[PDB]
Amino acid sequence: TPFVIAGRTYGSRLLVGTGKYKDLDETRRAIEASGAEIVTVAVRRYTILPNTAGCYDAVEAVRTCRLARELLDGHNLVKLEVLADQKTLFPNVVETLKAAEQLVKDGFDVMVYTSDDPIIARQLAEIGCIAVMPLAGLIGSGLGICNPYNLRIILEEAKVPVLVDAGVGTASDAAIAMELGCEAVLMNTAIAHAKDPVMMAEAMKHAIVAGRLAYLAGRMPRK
């Protein structure tokens, strides 16, 4: 089917992050290999997805978004990302709800990072948000899907696109995400931190397409 976000339709269902590589040659050759169409960048540090990485308040996230919307010539596409603390890098869903509401009535097209909590993921799509992106595992933990149960509920009732964002460890992790029903996946550390970044990219490139086909194909039951 068609992978459409905020009106625009894309080919690659593999969003990819930046800033974790060793240099531009690498990130260039990598996100090139990943086959990604949308690539997110941490403003505070094709289709570019400015994300508020680094923010800890709705007020900070909201300001970073305004200041990125004007550096990108009024582009409303933003990845809201209000974290709790530099330690767990776990989302502060209360502040995220705060900022998400503010950003929506401010003309933005928000793709919001969040926990696997299915009810807060519900409200985020209600107050707007083009897409809700529950995490797979903690950021940079390379753990993969840690709560497939909650992930299924979020997908079952998702009224907007669902993207598993962050926490991925290898190809299979991403394949599984798609198999569960995600519209796309977003990763950074899994690629940029593999011994050979450019290959992991090509791997995920196939990883997310393989699982996406498997989802649509409708797998056999279990004896």
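Residue numbers here begin at 1 and follow the sequence given.
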Residues of the deposited sequence left unbuilt between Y46 and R45: 10 or more
Once average C-alpha B-factors are taken from the entry for 47-55 and 171-179, the winner is 47-55
With B-factors read from the PDB entry, the higher C-alpha mean of 89-97 and 73-81 is in 73-81
Using the temperature factors of the C-alpha atoms in this entry, rank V162 within its chain: lowest, middle or highest third. lowest
The third of the chain into which the C-alpha temperature factor of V16 falls is the lowest
In terms of its chain's C-alpha B-factors, the third that includes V198 is the highest
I145 - Cα temperature factor, lowest/middle/highest third of chain: lowest
Just say lowest, middle or highest third for the CA B-factor of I119 relative to the other modelled residues in its chain. middle
